[PDB]
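We use all heavy atoms of the structure for the numbers below, so side chains are in, but hydrogens, waters and symmetry mates are not. In this chain, numbering begins with 1 at the start of the sequence shown.
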Amino acid sequence: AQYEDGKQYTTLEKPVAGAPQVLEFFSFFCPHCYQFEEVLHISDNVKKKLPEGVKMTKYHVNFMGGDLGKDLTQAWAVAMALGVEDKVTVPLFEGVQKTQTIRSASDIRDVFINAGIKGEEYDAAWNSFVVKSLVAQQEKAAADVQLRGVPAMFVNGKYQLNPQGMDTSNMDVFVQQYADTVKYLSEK
């Protein structure tokens, strides 16, 4: 066939019921995630090709970067609660990996302050129980699907994208193959 289990995707031997339709995992410590977001814009191009009616969830993971990794997952919870993903994603990636100016929670906070979220808004969200449940969700979803590596994308709790089985000679072509696969998986 043209799309084959084990080729552009893999199937979970233990399917995850009630999972978000298109589910993406990342970490601001993850070098390929940096590529996926700032060079390739994967999440964005996947969207562009998803059918109507399908929502995409993106979650941060704990297993990279120790203490700051967990901080970063809570701040991503804050980002989601406040709806400011599109304003902090890039400065967080560049803070962790480019300039290396993120070394503590406080530095994570500075990014939000600079992106225009108010101190009192940030701190309240940071400490809110809404954010604690939203942290819990991020952790649960990672747990449900065995998650040991990022970037990772799961469709309908049953399929897992396998980008290593796609040509990388051309970056535009890789993205579109990626996006088309998610589309195919979605329709399955």
key: Short side-chain to backbone donor-acceptor contact, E38 and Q35, under 3.5 Å   = no

inquiry  = Less than 4.5 Å apart, side chain to side chain, heavy atoms only: is that true for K55 and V22?
reply    = no

ask   = Cluster question for you: counting only ILVMFWY and a side-chain heavy-atom cut-off of under 4.5 Å, with indirect links fine, are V78 and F25 together?
value = yes

key: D5 side, atom CG; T11 side, atom OG1 - distance, nearest 0.5 Å   = 3.5 Å

ask   = Between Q21 and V54, is there a donor-acceptor pair closer than 3.5 Å when you use the side chain of the first and the backbone of the second?
value = no

message = I'd like to check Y178 versus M153 (side-chain heavy atoms, cut-off strictly below 4.5 Å). Are they in contact?
response = yes

request  = Kindly indicate whether the side chain of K49, heavy atoms from C-beta on, has any atom under 4.5 Å from the side chain of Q176.
outcome  = yes

task = Say whether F29 and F93 are linked into one hydrophobic cluster, either directly or through other cluster members, by side-chain heavy-atom distances under 4.5 angstrom.
result = yes

inquiry  = Counting only heavy atoms not in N170 (residues, nucleotides, ligands), do more than 12 fall under 6.0 Å from its CG?
reply    = yes

inquiry  = Between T101 and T99, is there a side-chain donor-acceptor contact under 3.5 Å, judged purely by atom types and distance?
reply    = yes

query = Does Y159 reach the side chain of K188, with side-chain heavy atoms less than 4.5 Å apart?
reply = yes

query = Of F26, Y59, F112, which is the lone residue that meets ring pair (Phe, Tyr, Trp, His ring centres under 6.0 Å) with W76?
reply = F26

query = What class does the angle between the rings of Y184 and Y3 fall in, given that below 30° is parallel, 30 to 60° is tilted and above 60° is perpendicular?
reply = parallel

query = Can you tell me if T10 uses its side chain to pair, donor with acceptor, with the backbone of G6 under 3.5 Å?
reply = no

query = Between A75 and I108, which heavy-atom pair has the shortest distance, and what is it?
reply = CB-CG2, 3.5 Å

task = Mind running side chain to side chain contact (heavy atoms under 4.5 Å, CB included) on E13 and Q146 for me, showing each step along the way?
result = CA-CA 11 Å; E13 48 181 293; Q146 96 179 340; over 6 Å; no

inquiry  = Are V39 and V90 connected into the same hydrophobic cluster when the rule is that any two of I, L, V, M, F, W, Y join if their side-chain heavy atoms are below 4.5 Å apart?
reply    = no

ask   = Atom CD of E37 and atom SG of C33: how far apart are they, to the nearest 0.5 Å?
value = 10.0 Å

inquiry  = I'd like to know if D144 and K140 make a salt bridge, using a cut-off of under 4.0 Å between side-chain N and carboxylate O.
reply    = yes

key: Donor-acceptor pair, side chain of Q138 and main chain of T73, under 3.5 angstrom   = yes

query = Hey, does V131 have a side-chain heavy atom less than 4.5 Å from the side chain of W126?
reply = no

note = Nearest heavy-atom contact between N62 and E139 is ND2-OE2, 3.3 Å

task = Say whether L72 and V111 are linked into one hydrophobic cluster, either directly or through other cluster members, by side-chain heavy-atom distances under 4.5 angstrom.
result = yes

query = Between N156 and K158, is there a donor-acceptor pair closer than 3.5 Å when you use the side chain of the first and the backbone of the second?
reply = no

ask   = Would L134 and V88 show up in the same hydrophobic cluster when neighbours are defined by side-chain heavy atoms closer than 4.5 Å?
value = yes

inquiry  = Just by distance, no angles: are the side chains of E24 and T57 close enough, under 3.5 Å, to form a donor-acceptor pair?
reply    = no

query = Looking at CG of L161 and CD of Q8, how far apart are the two atoms once the value is rounded to the nearest 0.5 Å?
reply = 10.0 Å

note = CE of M166 to CG of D180, rounded to nearest 0.5 Å, is 9.5 Å

query = If you draw a 6.0 Å radius around NZ in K7, do more than 12 non-hydrogen atoms from other residues or ligands fall strictly inside?
reply = no

ask   = Counting distance only, does the side-chain N/O of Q97 pair as donor-acceptor with the main-chain N or O of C30 below 3.5 Å?
value = yes

inquiry  = I need the minimum non-hydrogen distance between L50 and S186, along with the two atoms involved.
reply    = CD2-OG, 4.3 Å

inquiry  = If you compare all heavy atoms of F63 against all heavy atoms of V150, which two are closest, and at what distance to 0.1 Å?
reply    = CZ-CG1, 3.8 Å

key: Test item: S128 side-chain N/O and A125 main-chain N/O as donor-acceptor pair under 3.5 Å   = yes

request  = Give a yes or no on whether the backbone of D110 and the side-chain of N114 come within a donor-acceptor separation of less than 3.5 Å.
outcome  = no

message = Just so I know, are the side chains of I113 and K118 near enough to count as touching, which here means a heavy-atom distance under 4.5 Å?
response = no

message = For a 4.5 angstrom cut-off between non-hydrogen side-chain atoms, does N127 reach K132?
response = no

ask   = Are any non-hydrogen side-chain atoms of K58 and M80 less than 4.5 angstrom apart?
value = no

task = Show your working on side chain to side chain contact (heavy atoms under 4.5 Å, CB included) between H41 and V175 and close with a plain yes or no.
result = CA-CA 8 Å; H41 309 279; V175 178; over 6 Å; no

key: Main-chain N/O of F28 paired with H60 side-chain donor or acceptor, under 3.5 Å   = yes

task = Would you check, one step at a time, whether the test ring pair (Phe, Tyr, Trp, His ring centres under 6.0 Å) holds for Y9 with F154?
result = CA-CA 9 Å; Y9 65 104; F154 295 87; over 10 Å; no

inquiry  = With rounding to the nearest 0.5 angstrom, report the OG to CG distance, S104 to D67.
reply    = 10.5 Å

task = Taking atom NZ of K98 as the centre, report whether more than 12 heavy atoms of other residues, nucleotides or ligands fall under 6.0 Å from it.
result = no

inquiry  = To check you understand the geometry: which heavy-atom pair defines the closest contact between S27 and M64, and what is its length?
reply    = OG-CB, 3.7 Å

remark   = Here the pair of heavy atoms bringing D167 nearest to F174 is O-CB, 3.6 Å

message = Within this structure, what is the CG-CG distance for the pair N45 and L40, rounded to the nearest 0.5 Å?
response = 8.5 Å

inquiry  = Has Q74 got a side-chain atom pairing as donor or acceptor with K70's backbone, closer than 3.5 angstrom?
reply    = no

